[PDB]
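Every chain is numbered from 1, with letters handed out A, B, ... down the list of sequences. For the numbers below, each heavy atom of this structure counts, side chains included, while hydrogens, waters and symmetry mates do not.
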Amino acid sequence: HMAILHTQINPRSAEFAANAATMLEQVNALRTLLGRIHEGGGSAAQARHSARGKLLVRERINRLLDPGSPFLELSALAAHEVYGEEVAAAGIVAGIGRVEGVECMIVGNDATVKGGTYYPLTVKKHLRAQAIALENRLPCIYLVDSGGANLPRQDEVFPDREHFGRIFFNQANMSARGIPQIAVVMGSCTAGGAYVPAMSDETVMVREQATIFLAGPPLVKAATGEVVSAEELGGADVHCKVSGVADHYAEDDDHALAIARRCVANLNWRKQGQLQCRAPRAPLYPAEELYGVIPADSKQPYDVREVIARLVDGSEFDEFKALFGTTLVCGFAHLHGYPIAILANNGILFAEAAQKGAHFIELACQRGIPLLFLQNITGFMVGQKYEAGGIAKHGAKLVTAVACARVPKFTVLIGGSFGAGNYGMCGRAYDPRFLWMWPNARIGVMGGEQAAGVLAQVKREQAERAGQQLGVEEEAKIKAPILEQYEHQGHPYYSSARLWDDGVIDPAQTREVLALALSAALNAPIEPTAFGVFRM
Amino acid sequence: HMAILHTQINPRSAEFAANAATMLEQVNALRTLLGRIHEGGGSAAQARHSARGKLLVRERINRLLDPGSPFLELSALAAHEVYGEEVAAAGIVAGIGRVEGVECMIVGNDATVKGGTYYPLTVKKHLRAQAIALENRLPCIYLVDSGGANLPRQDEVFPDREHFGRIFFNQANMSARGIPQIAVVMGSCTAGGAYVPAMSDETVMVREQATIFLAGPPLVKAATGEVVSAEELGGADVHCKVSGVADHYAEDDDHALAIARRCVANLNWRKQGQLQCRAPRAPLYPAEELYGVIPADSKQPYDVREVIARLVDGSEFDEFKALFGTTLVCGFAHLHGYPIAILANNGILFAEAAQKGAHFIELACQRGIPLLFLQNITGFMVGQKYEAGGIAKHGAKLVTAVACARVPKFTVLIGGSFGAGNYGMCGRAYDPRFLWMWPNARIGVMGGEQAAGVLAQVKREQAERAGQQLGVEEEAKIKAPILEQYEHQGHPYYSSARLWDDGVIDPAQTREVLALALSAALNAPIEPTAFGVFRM
Amino acid sequence: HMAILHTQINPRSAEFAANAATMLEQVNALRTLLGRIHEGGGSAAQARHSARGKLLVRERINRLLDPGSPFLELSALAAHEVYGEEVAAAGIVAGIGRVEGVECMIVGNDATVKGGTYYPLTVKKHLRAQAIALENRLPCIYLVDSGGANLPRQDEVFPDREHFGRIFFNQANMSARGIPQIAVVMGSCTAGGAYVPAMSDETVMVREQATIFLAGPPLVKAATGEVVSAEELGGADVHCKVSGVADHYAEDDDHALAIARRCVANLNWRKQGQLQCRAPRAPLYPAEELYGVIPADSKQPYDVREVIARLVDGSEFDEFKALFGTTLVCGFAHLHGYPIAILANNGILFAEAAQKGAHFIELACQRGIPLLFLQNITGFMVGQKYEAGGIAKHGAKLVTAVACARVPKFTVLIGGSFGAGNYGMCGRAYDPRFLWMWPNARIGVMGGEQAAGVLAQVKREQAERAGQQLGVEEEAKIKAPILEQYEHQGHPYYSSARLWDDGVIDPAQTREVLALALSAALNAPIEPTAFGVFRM
């Protein structure tokens with residue numbers, strides 16, 4: 001009770017309503033866009049797929065999952081506005097859900113989106129799902145239905161370390177670590193794509209539908225003159241009865257998914273992570289109040305404890321160093337019964353805030369407690385006295401602690417994510433198990449207004465050094481392209497299309513997403529931490 | 001002696017001379033291009049740098065290295081023809097050489113190239129050098145001299161996992177593993193760049209020259225009105241005497257490099273890798289004969305043992321399964337006294353060749369012997385009988401073995417690198433410690449001629465299904481853009497500019513590069529291998 | 001060469017001569033006192049011992065050691081001026097020397113000193129020798145010749161954790177760790193003392209001389225009326241032929257020592273510690289110049305680098321953070337070829353000096369380099385701004401680093417050792433492998449002058465609050481007992497008598513003692529370090 005956060009927010013105030021209006025405009029747009037993405041290649045394409053007697057990928061996932069199972073979908077906005085045409089969800093629906101009680105990473109190709117072909121971001125998404133499965137020890141189920149690669153961009157799909165070949169490196173190394181690899185082939189699987197089922201531990205194929213071959217009919221004809229249909233070349237009868245490239249023969253998609261559930265039921269699976277949990281308790285304030293907590297003006301300060309109060313159990317928060325380095329709020333809580341250690345920005349980073357954050361992370365790592373980072377950061381304090389005071393080495397303490405911490409880390413961008421502050425708050429390069437972004441958030445090497453000031457601040461010198469002065473409209477016009485660049489490149493949709501995050505989410509779903517992610521992370525053991533040299 | 005490879009090549013034949021002419025045209029072009037890249041930002045830029053009393057980056061590396069030390073330079077062709085202007089070596093010179101007898105990874109910014117600013121490929125190159133240092137346990141020395149980031153492309157430099165923030169994640173985790181991180185600041189170091197020295201274990205700064213600050217003079221003026229020079233804000237006096245962000249105060253570049261050598265002399269360094277070596281012996285045939293070994297026609301078969309004979313000690317090679325799966329040559333040898341296990345393409349991959357290769361890799365992993373992959377691969381055999389014979393699962397055995405092998409692996413692309421064959425031969429996604437490409441090599445998801453045939457093979461159908469036939473010139477014109485795409489995207493310069501490889505090399509330097517790489521790899525221990533499930 | 005320390009000291013100056021006079025007065029007194037202690041119980045007692053046909057303990061050690069072997073003697077000043085009578089070296093001569101090439105801890109009772117009975121400090125000395133053997137992995141050889149315990153002080157010899165019973169706990173646990181325990185019984189061994197040979201792995205006894213029994217003749221007579229001589233009760237014939245309490249029967253002391261050498265020759269001993277060493281080089285300046293380096297006034301500042309220059313190889317020293325936190329000098333060197341990391345006081349501790357020292361210790365622990373602490377410390381800076389600046393938490397960083405460091409640590413008190421500064425500089429509670437004290441050094445919770453000021457500063461208030469003032473002689477008389485207390489309790493002889501150190505040494509022998517200690521420490525492996533939470 002003494003740890004309870006008492007809100008100073010009034011859901012009925014004019015300020016709260018203005019904040020909610022600004023946030024809901026973005027949340028409503030996100031819901032509408034996700035609804036469109038759910039349709040894949042669109043009505044006509046979905047109809048052609050169903051006419052082939054195939055279940056759509058989202059229906060396949062629905063039937064694969066235990067009835068009523070939550071599904072944490074990853075990167076639904078992948079590829080949004082990137083290519084010359086729509087490539088919904090980058091052509092793959094991926095996420096974590098329960099199958100025979102086991103949390104599995106499910107990756108399914110959407111053949112209604114450009115025939116299921118792999119664009120550069122399709123590869124990135126398949127690889128990110130595998131990184132999450134490796135880091136959290138999640139059995140993988142690949143629902144294969146892909147017609148090939150985006151050839152005009154083959155140089156961005158095939159050769160490098162993070163290109164298509166890495167999918168198989170990942171399958172083999174996960175299998176070697178005892179993380180089961182299951183493939184369900186439900187359509188085309190050609191050339192290197194054949195290694196998805198061949199390099200899976202168990203492989204199911206749908207008869208008179210699925211095919212697997214290193215070289216398809218056109219290439220066989222071209223190279224040998226041999227004429228053969230896809231079914232005769234590599235259909236289910238060939239691979240389940242003769243070659244053994246597959247292990248289970250399914251009558252149709254529904255049967256294939258039921259066999260995949262049987263495969264999971266026989267994994268003898270045991271979760272290895274352990275935390276001291278409490279009975280879950282809900283926060284004391286409704287999640288939808290988060291819509292009115294963030295000021296409509298992204299530069300306006302507010303008490304980030306108001307966000308924490310709506311995410312944690314019983315709105316209880318035991319704050320660490322509450323009166324020191326007050327621009328970084330740190331403290332312990334529970335979320336759906338799991339103990340968590342929270343770091344949340346509450347102003348510009350000062351050296352004392354970075355010192356505090358590093359010490360707080362040392363406590364969480366000593367105790368094996370997961371870390372939650374709530375980012376709203378524009379930068380550090382500036383000026384001669386701050387640099388002389390060593391702000392670079394104090395920020396370094398925080399970054400070293402974040403980088404070395406081995407407990408599961410989770411990051412939510414609830415406001416700005418700019419410059420070096422992103423690193424100290426566990427941005428994407430610091431491997432939080434999952435990173436999500438709210439619809440109001442923005443990210444960039446610097447804020448657009450700062451970047452614009454430099455082109456302006458400079459153009460003025462070029463004018464003065466000519467006995468002239470820049471006018472008001474003149475300066476506005478000079479700044480325009482830069483402001484536009486940062487708003488475009490920093491928008492949640494731009495970030496999410498490129499997988500700089502695992503999803504843009506409705507703020508009111510933050511607690512649910514974190515609860516599913518924490519449970520998933522506990523399939524793997526909580527590891528001890530070794531810190532590198534701290535520059536004192 | 002019984003293991004000696006007796007050549008069937010005649011250095012005086014007309015065929016050998018034709019092959020040599022074709023190869024030397026490419027080798028001569030590579031040498032000329034490397035000579036140009038050595039000049040950095042060019043004559044005028046190098047002159048402005050020297051007039052500031054600064055040593056050029058390659059001269060700094062020359063003085064840092066032990067006298068006479070070989071230097072294995074990484075990715076000199078980075079960024080070639082990628083941006084709208086020349087960005088020589090992507091603005092960083094990186095490589096491995098001896099400093100006080102210790103093999104160190106040296107990464108130096110070239111301030112004569114766009115002020116040392118970080119373009120997207122500059123970040124990729126800095127990260128690749130750190131991956132090599134982590135994987136081979138090499139102390140790192142960063143010669144910092146960078147004016148910032150390529151802002152128009154900030155979205156490709158800053159936010160994601162493989163962007164700028166990963167440099168610090170890497171420094172901290174290497175420090176935690178006991179791989180020393182040394183920074184020598186010799187120019188500008190601003191914003192997030194300040195974390196290079198702040199997050200190094202020991203940091204040297206050149207007085208009245210080097211500066212370090214999270215926010216520079218322009219930003220301090222804009223935010224507080226405070227006017228301060230770069231030297232007063234974060235010069236060596238400030239950071240060595242007051243803040244402690246730096247640890248060593250240098251009088252000039254020469255002194256800074258001498259202090260860096262003292263830092264390495266006190267690392268108490270011991271190499272952890274061990275192999276049973278023999279006294280080194282040279283091959284029996286001159287390295288320059290390699291220029292005439294590769295047929296001028298890249299599609300013409302030749303005996304790859306002729307390449308092996310010119311790379312290994314005494315030209316001795318103990319071949320494994322010589323008469324089975326003969327399109328993949330496998331065997332043991334020594335290179336500069338180090339035992340190695342070689343896999344080299346000698347035709348199209350058949351199931352038996354993949355079976356053989358997987359078994360051979362099991363022997364090398366059981367014994368702790370490094371693997372060398374010589375790639376010249378166009379694909380697998382095609383047709384109904386090959387797919388029914390399980391070629392996909394036999395290829396899978398090879399890929400699983402390559403992916404799981406924990407002994408040091410090295411890959412040289414000596415011809416084609418196409419499709420799934422790239423994976424089984426340890427392409428970039430399989431983490432060979434180093435991967436190099438010869439000047440005649442080509443890489444792609446498929447060969448340009450195969451891709452062209454599909455657009456053609458198809459356009460003919462569209463014509464026939466119209467009672468028409470495609471003419472000879474008509475077909476040539478249809479195929480032209482595809483052939484061009486694959487030759488452009490598959491050229492060694494295109495691959496190397498993007499770091500799909502660690503360097504395009506003169507074939508005659510292959511043995512030397514491999515000897516330096518093998519020695520470097522032995523700073524780390526040789527690890528045991530755990531294989532995933534093999535699909536029998 | 002660039003790392004060479006160039007002295008600013010003139011061996012011919014008047015100041016140097018004054019310093020040397022003050023130091024040599026103390027060094028000469030120490031040599032004379034050690035010469036007296038060498039005589040044990042004195043001429044008559046040594047004569048009675050020799051008349052029994054027994055070799056004196058120092059002659060036994062001389063014959064046990066390899067010819068020419070150095071001997072690092074521990075705590076020769078133990079018990080000096082503690083009891084009502086002389087108890088030279090607390091009745092035990094202990095130290096490390098080579099026996100059949102193996103560095104062994106030798107502990108020999110001196111039966112000429114109070115019949116070899118154990119006074120409280122005799123127990124402390126025996127236990128300290130065993131702690132050094134356990135921590136450095138040194139085989140132990142106990143030359144037993146003790147008549148019992150100092151009964152009037154039995155409560156300080158027998159019951160507690162650090163009392164006599166701990167000797168056997170130590171023998172058993174060292175044997176369990178594979179650190180050989182060898183006993184050579186050369187005189188009396190009674191009651192609990194019988195467990196020295198019974199709990200040794202191998203035991204030698206001198207015939208018609210050595211005896212072992214849980215209860216001697218007087219007690220057997222008192223309890224059973226049985227009359228038996230010591231020889232008949234527990235002589236060598238009884239224990240080597242009948243009971244098996246001993247394993248080797250010796251004709252005389254000389255033979256017993258030769259058998260002990262055979263026992264060591266068969267230990268199959270291998271040293272487990274490894275460092276990257278260099279060829280040893282002498283310092284560039286004579287060791288005897290150290291006599292003139294320390295100012296005659298213990299409160300006068302001097303450059304501690306002048307001490308370092310006369311201790312390390314080639315007088316080479318690579319200083320870390322030379323211009324920051326300048327009151328704590330930190331840097332790397334070699335001593336008799338061994339790499340070492342030195343921390344040396346050079347003024348009052350400031351927060352920056354403590355930060356620097358903690359960072360320096362992190363480097364030494366990361367690299368596995370032994371630490372050398374040269375203490376001359378009076379305290380930390382005082383006042384409101386220093387406490388507000390967090391001096392307590394910055395000092396805490398240094399103490400945490402010292403406490404957790406697992407590399408071998410060595411401490412030499414070359415001046416003051418006062419208050420909390422003692423802890424941060426690796427005082428006795430921080431387990432340096434060895435701690436020595438120079439003859440000019442002083443130790444205390446605070447300096448005598450500060451303690452005296454408080455009694456005075458206070459007595460003045462009591463006088464003023466009475467309308468009176470304290471006179472000059474009055475104040476001097478008030479301060480007298482306190483100044484006397486601290487000079488008496490802080491003198492090297494007082495510390496050494498109580499084993500707060502392992503020996504008071506001639507400053508010119510510091511390098512030799514450290515070289516023997518470093519070699520000894522390398523019998524054990526160099527262990528990695530785990531730091532506790534650093535309070536940032």
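Two residues are said to be in side-chain contact when any heavy atoms from C-beta on lie closer than 4.5 Å; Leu134(C) and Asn173(C) fail this criterion. Here the side chains of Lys125(C) and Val107(C) are not in contact, with every heavy-atom distance at 4.5 Å or above. Taking 4.5 Å as the limit, some side-chain heavy atom of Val123(C) sits within range of a side-chain heavy atom of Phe164(C). Looking at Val102(C) and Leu138(C), their side chains never come closer than 4.5 Å, going by heavy atoms from C-beta outward. Residues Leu257(C) and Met186(C) are in side-chain contact: their nearest non-hydrogen atoms beyond the backbone lie under 4.5 Å apart. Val99(C) has its side chain within reach of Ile106(C): a pair of non-hydrogen atoms, C-beta onward, lies under 4.5 Å apart. For the pair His248(C) and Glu202(C), the minimum side-chain heavy-atom distance is below 4.5 Å. Side-chain contact between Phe71(C) and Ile61(C) is present, with heavy atoms from C-beta onward closer than 4.5 Å.
For the atom pair CG of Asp502(C) and CZ of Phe410(C), the computed distance is 11.0 Å after rounding to the nearest 0.5 Å. Taking CD1 of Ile482(C) as the start and CD of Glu449(C) as the end, the distance is 13.5 Å to the nearest 0.5 Å. Distance check, rounded to the nearest 0.5 Å: CE of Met174(C) to CZ of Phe169(C) gives 10.5 Å. The line from OG1 of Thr411(C) to CG of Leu514(C) is 10.0 Å long, rounded to the nearest 0.5 Å. Interatomic distance, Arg161(C) CZ to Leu127(C) CG, rounded to the nearest 0.5 Å: 11.0 Å. Taken to the nearest 0.5 Å, the CD atom of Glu59(C) stands 9.5 Å off from the OG atom of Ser50(C).
Checking side-chain atoms of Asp110(C) against main-chain N and O of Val57(C) turns up no donor-acceptor pair under 3.5 Å. For the pair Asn150(C) (side chain) and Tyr119(C) (backbone), a donor-acceptor distance under 3.5 Å is absent. Of the possible polar contacts, one joining the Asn266(C) side chain to the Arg262(C) backbone as a donor-acceptor pair under 3.5 Å is found. Checked by atom type and distance alone, the side chain of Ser146(C) pairs as donor or acceptor with a backbone atom of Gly116(C) at under 3.5 Å. With hydrogens and angles disregarded, no donor-acceptor distance shorter than 3.5 Å links the side chain of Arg433(C) to the backbone of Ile132(C). Between the side chain of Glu232(C) and the main chain of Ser229(C), a donor-acceptor pair closer than 3.5 Å is present. At least one donor-acceptor pair closer than 3.5 Å links the side chain of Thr32(C) to the backbone N or O of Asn28(C). Within the 3.5 Å criterion, the main-chain N or O of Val220(C) finds no donor-acceptor partner in the side chain of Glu226(C). Checked by atom type and distance alone, the side chain of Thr224(C) never pairs as donor or acceptor with a backbone atom of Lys221(C) at under 3.5 Å. Without hydrogens or angle criteria, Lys409(C) side chain to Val402(C) main chain gives a donor-acceptor distance under 3.5 Å.
Within the cation-pi definition used here (under 6.0 Å to the ring centroid, within 45° of the axis), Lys241(C) qualifies as a partner of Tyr249(C).
Across every non-hydrogen atom of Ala76(C) and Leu34(C), the tightest pair is CB-CD2, 3.6 Å. For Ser69(C) against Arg98(C), the heavy-atom pair with the smallest separation is OG-N, 3.0 Å. Taking every heavy atom of both residues into account, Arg261(C) and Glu100(C) meet most closely at NH2-OE2, 2.9 Å. Shortest non-hydrogen contact noted between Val504(C) and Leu30(C) is O-CD2, 3.7 Å. Taking all atoms of both residues into account, the shortest heavy-atom contact from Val82(C) to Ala497(C) is CG2-CB, 3.8 Å. Summarising the geometry of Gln181(C) relative to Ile179(C), their closest heavy-atom pair is NE2-O, 3.0 Å, with the distance given to 0.1 Å.
Other residues, nucleotides and ligands contribute over 12 non-hydrogen atoms within 6.0 Å of the NE2 atom of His49(C). No more than 12 heavy atoms of other residues, nucleotides or ligands sit less than 6.0 Å from atom CD of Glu25(C). Within a 6.0 Å sphere centred on CD of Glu162(C), heavy atoms belonging to other residues, nucleotides or ligands number more than 12. More than 12 heavy atoms of other residues, nucleotides or ligands sit less than 6.0 Å from atom CZ of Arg153(C). For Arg406(C), the CZ atom sits in a loose shell: 12 or fewer heavy atoms of surrounding residues, nucleotides or ligands are nearer than 6.0 Å. Other residues, nucleotides and ligands contribute over 12 non-hydrogen atoms within 6.0 Å of the CZ atom of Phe418(C).
Of the charged side-chain nitrogens involved, at least one lies within less than 4.0 Å of a carboxylate oxygen, so that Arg63(C) and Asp254(C) count as a salt-bridged pair. Looking at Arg60(C) and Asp253(C), a side-chain N of the basic residue comes within less than 4.0 Å of a carboxylate O on the acidic one, giving a salt bridge. Electrostatic pairing of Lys114(C) and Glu86(C) does not count as a salt bridge here, judged by no charged N lying under 4.0 Å from a carboxylate O. For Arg31(C) and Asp506(C), the salt-bridge test passes: some basic side-chain N is under 4.0 Å from an acidic carboxylate O.
Defined by atom type and a distance below 3.5 Å, a donor-acceptor pair is missing between the side-chain atoms of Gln46(C) and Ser43(C). In summary, the side chains of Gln130(C) and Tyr142(C) do present a donor paired with an acceptor at a separation below 3.5 Å, with no hydrogens or angles considered. Checking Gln272(C) against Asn523(C) by side-chain atom types alone, no donor-acceptor pair falls below 3.5 Å. Checking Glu231(C) against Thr211(C) by side-chain atom types alone, no donor-acceptor pair falls below 3.5 Å.
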Could you go through the side-chain contact (heavy atoms from CB on, under 4.5 Å) check for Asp501(C) and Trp436(C) one step at a time? CA-CA 5 Å; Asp501(C) 61 71; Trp436(C) 298 276; 6.0 Å; no

Start with the C-alpha distance between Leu518(C) and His336(C), add both sets of side-chain angles, then the distance that settles side-chain contact (heavy atoms from CB on, under 4.5 Å), and finish with yes or no. CA-CA 9 Å; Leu518(C) 279 156; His336(C) 199 238; over 6 Å; no

Test salt bridge (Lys or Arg N to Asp or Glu O under 4.0 Å) on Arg207(C) and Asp252(C) and set out the steps. CA-CA 7 Å; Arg207(C) 70 184 298 193; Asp252(C) 61 15; over 6 Å; no

Determine whether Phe531(C) and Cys365(C) satisfy the following criterion, side-chain contact (heavy atoms from CB on, under 4.5 Å), listing intermediate values before the conclusion. CA-CA 10 Å; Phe531(C) 293 107; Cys365(C) 291; 4.1 Å; yes

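Applying the ring pair (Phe, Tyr, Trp, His ring centres under 6.0 Å) test to pairs two or more places apart or on separate chains, those with a residue in residues 494-529 of chain C are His488(C)-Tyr494(C), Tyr494(C)-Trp500(C).
Taking the six-membered ring for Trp and the full ring otherwise, the centers of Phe158(C) and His163(C) sit at least 6.0 Å from each other.
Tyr493(C) and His491(C) have perpendicular rings, their planes meeting at more than 60° on a 0 to 90° scale where under 30° would count as parallel.
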All N/O donor-acceptor pairs, side-chain side in residues 369-378 of chain C, below 3.5 Å, sequence neighbours left out:
unit_1    : atom_1 : unit_2    : atom_2 : d
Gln375(C) : NE2    : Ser417(C) : OG     : 2.8

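Listed by chain and number, the residues in a side-chain hydrogen bond (donor to acceptor under 3.5 Å, both in side chains) with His239(C) are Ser243(C) (sequence neighbours excluded).
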